[PDB]
Each structure stands twice: as C-alpha cells, then as structure tokens.
Amino acid sequence: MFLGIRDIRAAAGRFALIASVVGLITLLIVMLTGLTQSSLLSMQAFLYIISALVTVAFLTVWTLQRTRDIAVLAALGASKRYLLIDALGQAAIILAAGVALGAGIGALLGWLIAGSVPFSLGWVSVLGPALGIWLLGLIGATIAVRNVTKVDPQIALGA
Amino acid sequence: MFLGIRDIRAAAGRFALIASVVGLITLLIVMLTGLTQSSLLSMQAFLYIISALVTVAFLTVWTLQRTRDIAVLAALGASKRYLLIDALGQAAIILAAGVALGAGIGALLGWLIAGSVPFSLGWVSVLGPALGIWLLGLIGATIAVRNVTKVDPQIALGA
Amino acid sequence: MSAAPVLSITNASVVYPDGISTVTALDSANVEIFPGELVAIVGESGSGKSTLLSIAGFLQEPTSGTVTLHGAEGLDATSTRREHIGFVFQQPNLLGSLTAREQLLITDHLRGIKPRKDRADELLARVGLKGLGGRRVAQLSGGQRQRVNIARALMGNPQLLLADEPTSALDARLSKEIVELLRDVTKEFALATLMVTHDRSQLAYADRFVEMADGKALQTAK
Amino acid sequence: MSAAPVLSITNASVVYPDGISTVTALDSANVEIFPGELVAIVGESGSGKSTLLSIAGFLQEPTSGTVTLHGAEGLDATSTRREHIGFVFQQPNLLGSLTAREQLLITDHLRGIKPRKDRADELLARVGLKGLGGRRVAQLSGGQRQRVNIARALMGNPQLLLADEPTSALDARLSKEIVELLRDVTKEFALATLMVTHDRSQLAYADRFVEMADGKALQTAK
C-alpha cells in the first residue's frame, strides 16, 4: 500500500483521468437508475460491464508497466501476499474515489433535476450502484493483476 | 506485415480468442440491426463503442509486449512507416477476420430465423456494420499503436 | 577465535535447458564467507559469476548441492532474502515514484515494521548523501543512485551483502569511491560481502577471491 | 595501396544529463577503420565502450564531433544502419515468432526487397548452422542463437559490423569459436568490424585496439 499510494501521488495525471472516467460512468448509472425508478435494465447491465472492461484494460496495462518495480520488490523479499495487497489496494482506492465522486455529484444533480423530469433518488439507488461498480472493478482488478505474483525476481539482476 | 503475420501464426491462441470476441460482437450487432429493421439505435451505438474499447485494450497490451521486438527492428534500421504499416496491418487483418466471420454466420442465422420473429436481412444491413466495426477498430488501433514509432532502438543494446 | 560462516555453498550446481540441449551454468561451486569479509568473484564473462551470486542470494535454487545461510535455517528463499540479505544490484533499481529516503523506508515496510525515518537518514548520510533524503530519482546521478542502492541494502541490517558489478556504469573516480564505500561498510557493519567484478583495478579492495572458469569456482587468496 | 576508411569518428563526444548534473559519456574519441580490419575496443566497465559503439552504429547522435560512414553521406541515421551496418548485439535479439532462417530473411524484407531464401541458407551454413534454417528460437542454444545473430548481420552485405561483447553469456570454448567466426567473416567479407570486449583471451584475434579510459579513446597497435 506504500508503493501504491506513492504511485498515485507521483503519477497523479493518469490516475485522475481514469478516476474521472469511472466516476463519470458511475454517475451515468446513478442517473439511469434514478430515472428507471426491460430496455433500461439492459442498458444498466451493459454499462456495468463497460465499467468493468475499462478497469480491466487500464489495470493490465498499469501492471505490465510496473513489472520491473514488482520484480525489484520480489528480489528484495516482498511476499506474494504483500504485492497482491498493494496492487489490489491501489485499484480499490482509485475505484472508491471514482464511484464516490460520481455517486455524490449524481445524487446532487438528481435532487436538482427532480422537478422537470420524474426523478426518484433514494439511498439504495445511489449506494447499491456505488458498491456494485466498486465490486465489479475489484473482481476485474483481481483478473488483471492475477500475474503480479508471477514476476521472476531475476529480472532485477539484468541490465 | 512479415512479422505481423508470423506473430499471428506463432501465437494463434490469443489472436483466435480476440477474433472470436470481435466476431461474436459483430454478429450481435448484425442480428440487432436486422431486428431493428431510439432504444435499439442507442444499444447499437454503445455496442460499437464496446467493440472499439475492446480492440484498443487488446492492442495496447499487445504493442507494449512487442516493445523489444520493435526496438530490435528499429535498431536494425526499420522505418517508422514500416513498423506502423506492420502494426496496423496485423490489427486490420484480425479485425477483418472477426467482422467477416461474425457477419457471415449472422446473415446465415437471420435467414434461418426469419420465420419465427420478423427478421429483415439485406446486404447493407450486414456490410455497413461489418466495415463500420472494421473502421471503428482501425481508428482504435491507430490510437493504440500511436507510440510504436516511439521506441528507442538503444533498448536493443541492453541485456 | 574461529567464527562460524555466514554463508556456505557446498558443491552447488545450476543446470539450465539451453535450447534442445543443456548448459551447466554452475559446476560444484564451494565458497564460504564469514563476518567482515569482502570476497570478490572474478572471471571472464560467461563463467558463472552472476549465477554464483544468484544462488548465494536465494534468487535461484541450485539443481544439486547446497546453499546455507547460517541463521536462516527453516526459512524459504524469499523470507531468507527479506530477513537476512542485502542486494547491491548492478542497476541501481530504484523505484521512480519514491524519494531517496523512501527507497530505504519501503524495505522496512515490506519487512513488516513501522519505517524508521531517522535510521534512513543516518544511512543516507553514511553512504555520502547526507540531507538528500527528499531527492527524487530523476535528481540523482548514477553515482548517487548506486549509493542509495547500497544504503537500501544496509537498511535491514543484513548479514549477507551481494554486490553485482555495481560500478559497471561509472568512471574511474566514482568506481573507486563506490568500492571503497563497499569495503568500509563491510568492515563497519561486519557484513559478509560477495562482490562480482571484472575490473582488476578493484581487486585490491578484496580480502580474497573466487576465480570462476566455465562454471567452476576456486577459492583463492591471491 | 592505401584504402579509404569505412568509418571515421573524429573528436566525437557524448554528454548526457546525469540527474541534476551532466556526465561526459564519451570524450573526443577518434577512430578510423578500413575494410578487413577487426578493431577491438577495450577498457574497464564504465569507460564508454558501448557509447563509442552506439555512435559508430548511428544509434545515437554525438553531441559534438563527427561520425562518417564513407558511402552513406546524405542518409539519415536509420537508413545508414538499414543500408550499411550489421549489428551483432550482446543479446542475440532474435524474434521469437520467426524461424532461424526468417531472422535473416526479415532484414531483406525491411530493406525493401524480396527475401532471398538461398542466401539465407548459405549464410546459416556459413556461421555453422547448415540446415537449421527451420529451427525455432526455443530450439537454439545460446551459442547457436549468437551464430544466427551474426548471420543476420551478414545478410545485408554491410560494410560496417559492430559486435557488442557477443560472447558475454558463453563459456571458454564457445567464446573462442564465436570470436574466430567473427574474425573469419571479417576477413572473408572485407567488413570493417568494431568489437567491444572485456576478455583479454580475445585480444589475440584483433588487428588493433582502442583503449578506453573515462570516455577517452586511444588507438593502439599493442
């Protein structure tokens, strides 16, 4: 979690962009469910799947780029449990920030727009999707960093 | 195009999996448009975008893994135009195979299913989506391999 | 007054698949090292120096023979590294997002304990970077990077220190400074230091050598 | 009978940013090489050998000074490599999806011309892999990989051949075979060969040397 947070800090641009993407799509789902309460539910499901695929793509690329730092850590003696916790916590923190900002601003916009078009804002309608997309992305992040525990520490021995 | 085709051959598994994915989604769009002929058009557009994102993800990962082969080629003296043509032709061949298989099997299934549910199969209804998803993926592949021309040949000099 | 060994490698061998055939990367190597010794592994390229170093560092298991770190019996290889070994890699292998001080502190972190900032700063001062604890990696010269690498290897108070040609990318003056620093902390902290080098301008800083030839090791005093 | 040079490097220098400071990786190096010569660049690690090789191969531009490949005037660096230079890299740098023969043929491809399979097979036979044109990279031993690397560098009939410690991962016997092969094709094909090595067991196969010290080069006959 040390290196994960430091990575977030040092590369704030890419992480802020992906957090904006995931928060925007979570806000999209928030408003879509708020207006829902067949076609609507299908759209919601496919957009959940879109968010999951975006997370998987970004995280596989990020891990593949982190390979040598992970190799150095393994060589020094970092455990599989440690590296996995670091990768998954990085992913979970970013996805939490995303879903939280998206859901908050979406609930605000729904309270502001409930007058022109029938809007139903509840607390489930905002939390269920928030934690839902969070767990979507976390399952996907596990899928992505599946081979963080795989890297050969002798990579560190090279040039 | 030499190395691209040889890569397709040598790693037939991953390329066959991604071609199956893209062909399946092209067939999905084929059947969706055939049944269409607001909600339906929105679904079609978002699924086009899904196919584009899948292509972008897979191709960025593939290029990032090819980095050292590309570096060796640059060192030996391969031009930017050459490397770019190779990467884009690999992508275009895979996407053509995908869209073609998907559209063909979808037109077959539509001719077989036109009796139970109103199915409209034309030649535009199958070619427009085929070339459409093809160009979707090709724009995305350009986005993906944007930095194939970037790799530093001195990478080849290392260990 | 005969100390126990810190590291004992008895008839260890590394056999690799080399295409359809095999290559014997290391052939029945026997070395033994005690506290406060700098032993230099020397020999032409491709004679198994880095392989001897990688089995001494539990980065690879030998295919036959034994590598024993007295005081790590019962630990698997990763924990043996994490609890007893320091790695002065050939490349500085610093993590870009971390500050110089954080290069040291993270080895406290993965070791399970609350990072000790004062010890980190003391060790950066010790390798000649007093006060540069906050510098980012882009701000450190190759010499300074290597000095940070050494301080990181010292952070965990290891008993064994493995230096893999850590002056390969440095000029004569910096190479002399870095090997002097290695010998000085080897003596100060009573480390058993295995150092691989190809530059004879460095052998003077060794107490003894392991001559490598074709994966065969010979312990020499001269 | 005084041939024109194939390569002329006059007072070339490479200055790099080293953190906040700078490092002079190469300092006013002057070398000149003619057809049929094997010139060995020697010197302790970190004295600029690979930098001299990388500017001689148009992989880097010098920050001051000149590198001239007589017969490539008017070409940019990439085309100079693609049309006149062969690269015996330290790592074999073979492309995994390609067969051994295809390692040679693809350099015909990127050179714009229809690949010549018979020439490919003749050159694989020439470096001692007669009939292994179809082997995949996983089936080639490190020695055989290096031999393929050499044959690939020969495929384009280059005038300049740069070998970067191509025996670093090989034992004594294979190292001797590989350096003998390098000298033999240097003489046979009238290449100007620049070879970087650190193993003195190889200097006997050179016609002359460039001694490197701290980025300074000195052309020596002994």
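Residues numbered from 1 in each chain as written, not as in the entry; some residues may be left out. Chains lettered and ligands numbered in written order. Heavy atoms only, no water. Residues with missing side-chain atoms left out of burial classes, pairs and counts.

By the method listed in its record, X-ray crystallography, this PDB entry was determined to a resolution of 2.8000 Å.

To continue, consider the overall build of chain C. Along its length, chain C carries 6 helices and 9 strands. Across its three principal directions, the C-alpha atoms of chain C cover 50 × 50 × 40 Å. Taking the contacts inside chain C whose residues are at least 6 apart along the sequence as the reference set, 71% of them involve residues at least 24 apart. (Helix = DSSP H or I, 4+ residues; strand = E, 2+ residues; numbered from the N terminus. Contact = heavy atoms within 4.5 Å.)

Further remarks concern the packing of helix α1 (residues 2-10) of chain B against helix α4 (residues 80-113) of chain B. All names here are of chain B. α4 packs onto α1 with a crossing angle of 40° between their chain directions and a minimal axis gap of 8 Å. Taken together, α1 and α4 sit at an angle that is classed as oblique. When the axes of α1 and α4 are compared, the crossing they make is right-handed. Across from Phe 2, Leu 3, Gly 4, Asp 7 and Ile 8 in α1, the residues of α4 making contact are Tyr 82, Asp 86, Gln 90 and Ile 94. Of the residues contributing to the contact of α1 with α4, the split by class is 5 nonpolar, 2 polar and 2 charged. (Axes fitted to C-alpha atoms, helices over the stretch in contact; angles between N-to-C directions. Parallel < 35°, antiparallel > 145°, perpendicular 65-115°, else oblique. Left-handed = near helix turned anticlockwise from the far one by under 90°. Nonpolar A, V, L, I, M, F, W, Y, C, P; charged D, E, K, R; others polar.)

A few words on the UniProt feature "transmembrane region" (unreviewed entry) in chain A. As annotated in UniProt, the feature "transmembrane region" (unreviewed entry) corresponds to residues 12-35, 45-64, 84-114 and 120-145 of chain A in the numbering used here. Taken end to end, residues 84-114 of chain A has its terminal C-alpha atoms 43 Å apart, with 97% of it in helix and 0% in strand. (UniProt positions renumbered as here; feature names shortened; annotations may be inferred.)

With 23 residues of chain B at the interface, the matching set in chain D holds 22 residues. Buried surface at the junction of chain B and chain D, both sides included, amounts to about 2200 Å², of which 63% is carbon and sulfur. Summed over the three residues of chain B that lose the most area to chain D, namely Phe 2, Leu 76 and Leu 157 of chain B, the buried surface amounts to 30% of that side. Summed over the shared surface of chain B and chain D, the result is 2 salt bridges. For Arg 9 of chain B, the salt bridge is made with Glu 102 of chain D, and the minimal N-O distance between the two is 3.5 Å. There are 9 residue pairs in polar contact connecting chain B and chain D. Of all the secondary-structure elements, those providing two or more residues to the side of chain B that touches chain D are α1 and α3 (39-76) of chain B. It is α3 of chain B that provides the largest number of residues to the side of chain B that touches chain D, a total of 7 residues. (Buried area = accessible area lost by both parts, 1.4 Å probe. Salt bridge = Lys/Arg side-chain N within 4 Å of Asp/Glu carboxyl O. Polar contact = N/O pair within 3.5 Å; in protein donor to acceptor, adjacent residues only side chain to side chain.)

Glancing now at the pattern of salt bridges. In the structure shown here, the tally under the stated rule is 30 salt bridges over all chains. Among the ionic pairs, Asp 108 of chain C bridges to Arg 111 of chain C, the shortest N-O distance being 3.2 Å. Owing to a relative accessible area of 27%, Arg 111 of chain C belongs among the partly exposed residues under this scheme. Here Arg 173 of chain D and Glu 177 of chain D are joined by a salt bridge, their closest N and O atoms 3.5 Å apart. Residue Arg 173 of chain D and its partner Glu 177 of chain D are both found in helix α6 (residues 172-188); the two are separated by 4 residues, about one turn of the helix. A residue is classified by how much of its surface remains accessible, and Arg 173 of chain D, at 54% relative accessible area, is exposed. Residue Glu 177 of chain D is classed as partly exposed on the basis of its relative accessible area of 28%. Residues joined in a network through salt bridges with shared partners are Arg 6 and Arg 9 of chain A together with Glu 102 of chain C. (Buried < 20%, exposed > 50% of the residue type's maximum accessible area, 1.4 Å probe, protein only.)

Residues and elements named next belong to chain C. As for its position among the elements, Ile 41 is in strand β3 (residues 38-42). For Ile 41 and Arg 208, which are 167 residues apart along the polypeptide, the C-alpha to C-alpha distance reads 8.8 Å. Beyond its immediate sequence surroundings of up to four residues, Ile 41 is in contact with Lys 49, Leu 52, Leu 53, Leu 194, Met 195, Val 196, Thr 197, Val 210 and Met 212.

As a further point, take the interface of chain A and chain C. The partner chain C presents 22 residues to the 23 residues of chain A that form the contact. At the boundary of chain A with chain C, total buried surface from both sides reaches about 2200 Å², with 63% on carbon and sulfur atoms. Taken as a group, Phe 2, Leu 76 and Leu 157 of chain A account for 30% of the area that chain A buries against chain C, more than any other trio of residues on that side. Counting across the interface, chain A meets chain C through 2 salt bridges.

Those residues carrying the UniProt feature "domain: ABC transporter" (unreviewed entry) are residues 9-221 of chain C in this numbering. As annotated, residues 9-221 of chain C has a helix share of 32% and a strand share of 28%, and its two end C-alpha atoms lie 18 Å apart.

Residues and elements named next belong to chain A. Given a rise of 1.5 Å per residue, 38 residues ought to cover 56 Å, and the 53 Å separating the end C-alpha atoms of helix α3 (residues 39-76) matches this to within 8%. Along α3, the sharpest kink reaches roughly 55°, centred on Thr 67. The first or second residue beyond α3 is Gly 77, which carries a positive phi of 135°. (Expected span 1.5 Å × (residues − 1). Bend = angle between axes of the 7 residues up to and from the residue.)

Where two aromatic rings form a pair, the distance of their centres and the angle of their planes describe that pair. Using the criterion set out here, one finds 6 aromatic pairs over all chains in the structure. Summarising the aromatic geometry, the rings of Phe 15 of chain B and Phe 58 of chain B are spaced 5.9 Å apart at their centres and angled 85° between planes, so their arrangement reads as edge-to-face. Residue classification places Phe 15 of chain B among the buried positions, given a relative accessible area of 3%. Judged by its relative accessible area of 13%, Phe 58 of chain B falls in the buried class. Among the aromatic residues, ring-to-ring pairing joins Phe 15, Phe 58 and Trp 62 of chain A into one connected group. The ring of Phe 2 of chain A has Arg 6 of chain A sitting right over it, with the charged end atom 3.8 Å from the ring centre. (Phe/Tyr/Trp six-rings, centres within 6.5 Å; stacked < 30°, edge-to-face > 60°. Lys NZ or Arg CZ within 6 Å of the ring centre and 35° of its normal.)

Another point: the UniProt feature "binding site: Mn(2+) 1" (unreviewed entry) in chain C. Annotation from UniProt places "binding site: Mn(2+) 1" (unreviewed entry) at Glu 32 of chain C. Structurally, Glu 32 of chain C is set in strand β2 (residues 21-33).

Take a nonpolar patch on the surface next. Together, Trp 111, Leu 112 and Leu 121 of chain A give the surface a local cluster of nonpolar side chains, amounting to about 380 Å² of exposed area. By the secondary structure assignment, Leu 121 of chain A is in the loop between α4 (80-113) and α5 (124-145). (Patch = residues over 30% accessible without salt bridge, like charges linked within 9 Å, V, L, I, M, F, W, Y side chains within 5 Å. Areas by Shrake-Rupley, 256 points an atom, 1.4 Å probe, with all protein chains shown as cover.)

Residue and element names in this part refer to chain C. Pairing between β3 and strand β8 (residues 208-213): 4 bridges, direction parallel. When the sheet's bridge partners are listed, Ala 40 is paired in β8 with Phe 209. Pairing geometry for β8 and strand β9 (residues 216-220), over 5 bridges, is antiparallel. Directly across from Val 210, in β9, lies its bridge partner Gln 219. Joining the antiparallel neighbours β8 and β9 is a turn of 2 residues, in which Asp 214 adopts a positive phi near 55°. (Pairing = 2+ DSSP bridges.)

Within the secondary structure layout, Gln 139 of chain D lies in the loop between α4 (117-126) and α5 (142-155). Sequence separation between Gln 139 of chain D and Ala 100 of chain D is 39 residues; the distance between their C-alpha atoms is 9.7 Å.

With that settled, consider the arrangement of the chains. Contact between chain B and chain C is absent, and the minimum C-alpha spacing across the pair is 11 Å. There is no contact between chain A and chain D; across them, the least C-alpha separation is 11 Å.

The next subject is the packing of α1 of chain B against helix α3 (residues 100-110) of chain D. Between α1 of chain B and α3 of chain D, the shortest axis-to-axis distance is 10 Å and the interhelical angle comes to 145°. Residue-level inspection shows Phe 2, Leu 3, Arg 6 and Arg 9 of chain B of α1 of chain B in contact with α3 of chain D, the latter providing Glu 102, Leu 105, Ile 106 and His 109 of chain D.

Once that is clear, we can look at α4 of chain A. In an α-helix, one full turn covers 3.6 residues, which means residues spaced three or four apart are oriented alike. Relative to the 50 Å expected for 34 residues at 1.5 Å per residue, α4 of chain A spans 48 Å between its end C-alpha atoms, a close match to the ideal helical length. Of the residues that open α4 of chain A, the one with a side-chain oxygen 3.4 Å from the backbone nitrogen of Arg 81 of chain A is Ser 79 of chain A.

Within the secondary structure layout, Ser 45 of chain C lies in the loop between β3 and α1 (49-56). A polar contact of 2.8 Å, which involves the side chain of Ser 45 of chain C, links it to the side chain of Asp 199 of chain D.

Here we come to unusual backbone geometry. Residues and elements named next belong to chain D. A positive phi angle, near 50°, is found at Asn 93, a position not held by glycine. Structurally, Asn 93 is set in the loop between β5 (85-88) and α3. Phi angles above zero are rare outside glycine, and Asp 214 is one such case at about 55°. Residue placement: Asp 214 occurs in the loop between β8 (208-213) and β9 (216-220). The class of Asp 214 is partly exposed, set by a relative accessible area of 36%.

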